[PDB]
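Encoded as structure tokens, the structure appears first; notes follow it.
Residue numbers (the numbering used here), protein chains in the order written: chain A, 78 to 257; chain B, 78 to 257; chain C, 4 to 178.
Here it is, written out as structure tokens:
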């Protein structure tokens, strides 16, 4: 069956991320300003927390390929490949659409550890692009998730933040060997 | 068990695709023309149509990494990561080889929507290098495909083309909220 | 689960890796988020008697550790086994320690595969050893399941495998 796993992803401005590479080369008439376009590439890596926001789990890491810019929607479509690292729990890998202005569903391409053999889809919700994102992994194919990953979930909103003890990576507020 | 899904991918020359990034840095001794080589990168996005060429479904989007060029075979091996978007039906993601001079089989790494939990392999058949391709997805793990995606298939040949009404994206010739 | 052992060797003859210093950091280059590394190496079976094919893909550098003297990458690549098919993987490559990659699928005899693969560094940066814990596929051919050479720094392909001679190559091994 499906097990839902909720994850908060936060850019805390402390990992030199993201790196925007303007390889699409598109320029705005009259100003010659860069215009986001197919081919711009964006390596990134943020921090992740559990749904209760009380536990630092690890990081995301991967690469987004910019596909198109929408002036009307004021944002961009990307094609993304990245992983979520949960310390000793293992990792989940995803592939698919990352849209700056709306929610999307990514493929869960697999994982390791407690996630070995996982499959299904994951909902990406932009809370406040690009600093705060919320995921619902609809995980299939694995054993029952540990209770630590299934605490009551904080409902997402732009003001949400990790607990101080999770931001500080203190005991009781980190995944085992959480990914740094 | 296995359901076959046929898809036509066409570069209609209207999306600024592909973007060839010559990062392998190689040139032809004695002419200085670019020589395709490991590390050239190619972001891309084309249109996709159903097997009957009567319906615009959405787009492909992703990134190819050039691996090697063969003078003998007159072509290149790429390692490809991309997705197929079918509007409200969802998406399929793939990973694996794109060889410019012969058919190959990609891994189906998963999907969303009606394709959530899918797996298997997809045959890539080049019809006309580089602008027309035909895929056979050998899909496992999902519900019976909607008959709209299973219309009788137009046989692949160099001259095939989307129906005018599909090319023009008229209502009745597009997937539900087809991906633009 | 079916175990499949694979040796990956950079024999320095494929112009690989190609290091693209797009992270932009300097000390002299400093490895940093956003450096990109296209690569392709040769692969051999666990017995080191057979050339199977190649790996091919792209790594994104995520972070450099001064303390551990190494880097974390996020990797996307495939393993090509000639006519047997391919396996695709996604996940971490850490230059200074073992990791587990997702097996994202495959083709041929590996069509529909899933599970995880352990990446073990033999000697940095030229030799790696993989254990694929393959699920979802039929019994692997005996040729891919020969007694494995235990990993150690001094291992290397049989000379006849390095030379791609008859009896030491996969069917239409990937070049």
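Using N, Cα and C, we set each Cβ at its ideal position, and we do this for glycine too.
Cβ closer than 8 Å: which chain C residues qualify as neighbours of residue 172(B)? Here the question's residue 172(B) lines up with position 95 in the second chain. Within chain C, the residues near residue 172(B) are 79, 81, 91, 93, 107, 108.
Beta-carbon of residue 210(A) versus every beta-carbon of chain B: anything under 7 Å? Working through the first chain from its first residue, we reach residue 210(A) at position 133. So no, residue 210(A) is outside the interface.
Mapping DSSP to helix, strand and coil, what is residue 190(B)? The residue given as residue 190(B) occupies position 113 in the second chain. Residue 190(B): helix per DSSP, three-state reduction.
Check whether the Cβ atoms of residue 86(B) and residue 226(B) lie closer than 7 Å to each other. Translated into positions along the second chain, residue 86(B) becomes position 9. Translated into positions along the second chain, residue 226(B) becomes position 149. No, they are not a contact pair.
If you measure from the beta carbon of residue 101(B) to each beta carbon in chain A, is any gap under 7 Å? The residue labelled residue 101(B) in the question sits at position 24 within the second chain. By this cut-off, residue 101(B) is not an interface position.
Under 7 Å between beta-carbons, which chain A residues line up against residue 143(B)? List them in chain order, please. Numbered from its first residue, the second chain carries residue 143(B) at position 66. The premise fails here: residue 143(B) is roughly 14 Å from chain A at the closest Cβ pair, so nothing lies under 7 Å.
Taking just the CA atoms, how far does residue 173(C) sit from residue 86(C)? As a position in the third chain, residue 86(C) is number 83, starting the count at 1. As a position in the third chain, residue 173(C) is number 170, starting the count at 1. Straight-line Cα distance between these residues: approximately 7 Å.
If you measure beta-carbon to beta-carbon, which residues of the stretch 42-56 of chain C are closer than 9 Å to chain B? 42, 43
Residue interval of the beta strand (DSSP E) (run including residue 6(C)): Here residue 6(C) refers to the residue found at position 3 when the third chain is read from its first residue. Element bounds for residue 6(C): 5-12.
Here's a check: name, in chain order, each residue in its chain whose Cβ is nearer than 7 Å to the Cβ of residue 184(A), leaving out the five neighbours to either side. What you label residue 184(A) is simply residue 107 of the first chain in a count that begins at 1. Cβ within range, chain order: 171, 172, 173, 198.
Name the DSSP bridge partner or partners of residue 33(C)? Here residue 33(C) is taken as the residue at index 30 of the third chain, counted from 1. According to DSSP, residue 33(C) bridges with nothing at all.
For residue 99(C), does the count of other Cβ atoms within 10 angstroms reach 16, so buried, or fall short, so exposed? In the third chain, residue 99(C) corresponds to position 96, counting from 1. Exposed.
I want to see whether chain B comes within less than 7 Å of residue 105(A), judged by CB atoms only; does it? Here residue 105(A) is taken as the residue at index 28 of the first chain, counted from 1. Chain B, which has no Cβ nearer than 7 Å to the Cβ of residue 105(A), makes this no.
Counting Cβ pairs, one atom from each stretch, are 3 or more of them under 8 Å apart for the stretch 39-50 of chain C and the stretch 148-162 of chain C? yes
Against residue 79(A), what residues of chain C qualify as contacts under a CB-to-CB distance less than 9 Å, listed in chain order? By 1-based counting over the first chain, the position of residue 79(A) is 2. Near residue 79(A) there are no residues of chain C at all, since even the closest Cβ is about 17 Å away, more than 9 Å.
Is it the case that the Cβ atoms of residue 159(A) and residue 142(A) are separated by a distance below 7 Å? Your numbering for residue 159(A) matches position 82 in the first chain. Your numbering for residue 142(A) matches position 65 in the first chain. No, the Cβ-Cβ distance between residue 159(A) and residue 142(A) is not below 7 Å.
Can you tell me whether residue 9(C) is buried or exposed? The criterion is at least 16 other CB atoms within 10 Å of its CB, across all chains shown. Position 6 of the third chain, counting from 1, holds the residue named residue 9(C). Its Cβ being crowded by 16 or more others within 10 Å, residue 9(C) is buried.
Counting only runs that start and end within the stretch 113-145 of chain A, where is the beta strand (DSSP E) found for 3 or more residues in a row? 118-121, 124-127
Measuring only between beta-carbons, confirm whether residue 7(C) sits less than 7 Å from chain A. In the third chain, the residue the question calls residue 7(C) occupies position 4. Taking Cβ atoms only, chain A never reaches closer than 7 Å to residue 7(C), which makes this a no.
Span of the alpha helix (DSSP H) holding residue 157(B)? To locate residue 157(B), count along the second chain from 1; it is residue 80. Run containing residue 157(B): none in the alpha helix (DSSP H); it sits in the beta strand (DSSP E), 152-162.
Taking Cβ-Cβ distances shorter than 9 Å, what residues in chain B pair up with residue 115(A)? Looking up residue 115(A) in the first chain gives position 38. What residue 115(A) touches in chain B: 92, 93, 94, 95, 96, 120, 121, 122, 138.
Consult DSSP for residue 166(B) and reduce its assignment to one of helix, strand or coil. Taking the second chain and counting its residues from 1, the one referred to as residue 166(B) is at position 89. Reduced to three states, the DSSP call for residue 166(B) is helix.
Closer than 7 Å by C-beta to residue 201(B): which residues in its own chain qualify, once you throw out the five before and the five after it? Chain order, please. Reading the second chain from its first residue, position 124 is the one you call residue 201(B). Within the same chain, residue 201(B) has close Cβ partners 175, 180, 181, 183, 210, 212.
Which of helix, strand or coil DSSP assigns to residue 146(C): Walking along the third chain from the start, residue 146(C) turns up at place 143. Reduced to three states, the DSSP call for residue 146(C) is helix.
Go through the stretch 114-170 of chain C residue by residue and report every complete run of the beta strand (DSSP E) that reaches 3 residues or more, in order. 117-126, 130-138
Excluding the five sequence neighbours on either side, which residues of its own chain have a C-beta within less than 8 Å of the C-beta of residue 155(A), listed in chain order? Position 78 of the first chain, counting from 1, holds the residue named residue 155(A). Result list for residue 155(A): 119, 141, 142, 143, 144, 174, 175, 176, 177, in chain order.
Is the Cβ-Cβ distance between residue 235(A) and residue 205(A) less than 7 Å? Residue mapping note: residue 235(A) aligns to position 158 of the first chain, counting from 1. Residue mapping note: residue 205(A) aligns to position 128 of the first chain, counting from 1. Yes; because the gap between Cβ atoms is below 7 Å, this pair is in contact.
Identify the residues that DSSP records as bridge partners of residue 105(C): which are they? In the third chain, residue 105(C) corresponds to position 102, counting from 1. In DSSP, residue 105(C) forms a bridge with 93(C), 119(C).
What number of angstroms, rounded off, separates the C-alpha of residue 162(A) from the C-alpha of residue 55(C)? Here the question's residue 162(A) lines up with position 85 in the first chain. Here the question's residue 55(C) lines up with position 52 in the third chain. Cα to Cα, the separation comes out at about 31 Å.
Excluding the 5 residues preceding and the 5 following residue 114(A) in the sequence, name in chain order all residues of the same chain whose CB lies nearer than 8 Å to its CB. Here residue 114(A) corresponds to residue number 37 of the first chain, with the count starting at 1. Closer than 8 Å at Cβ, skipping near neighbours: 101, 102, 103, 143, 145, 146.
Kindly examine the ligand SAM and report whether one of its heavy atoms sits closer than 6 Å to the Cβ of residue 5(C). The ligand SAM is absent from the structure shown, which contains no ligand whatsoever.
Top-ranked residue by Cα proximity to residue 221(B), from 248(B), 237(B), 195(B): To locate residue 221(B), count along the second chain from 1; it is residue 144. Measuring from the Cα of residue 221(B), the nearest candidate turns out to be 195(B).
For residue 254(B), count neighbouring Cβ atoms within 10 angstroms of its own Cβ and tell me buried if that reaches 16, exposed if not. Locating residue 254(B) in the second chain gives position 177, counting from the first residue. Its Cβ having fewer than 16 others within 10 Å, residue 254(B) is exposed.
Please classify residue 166(C) as buried or exposed, where buried requires at least 16 neighbouring CB atoms within 10 angstroms. The sequence position of residue 166(C) within the third chain is 163, counting from 1. It is exposed - the Cβ of residue 166(C) has fewer than 16 other Cβ atoms within 10 Å.
Please list, in chain order, the chain B residues whose beta carbon lies closer than 8 Å to that of residue 217(A). As a first step, residue 217(A) is located in the first chain; it is residue number 140 there, counting from the start. Near residue 217(A) (Cβ distances below 8 Å), the residues of chain B are 194.
So, is the C-beta of residue 167(B) closer than 7 Å to a C-beta in chain C? The residue given as residue 167(B) occupies position 90 in the second chain. False, the Cβ-Cβ gap to chain C never drops below 7 Å.
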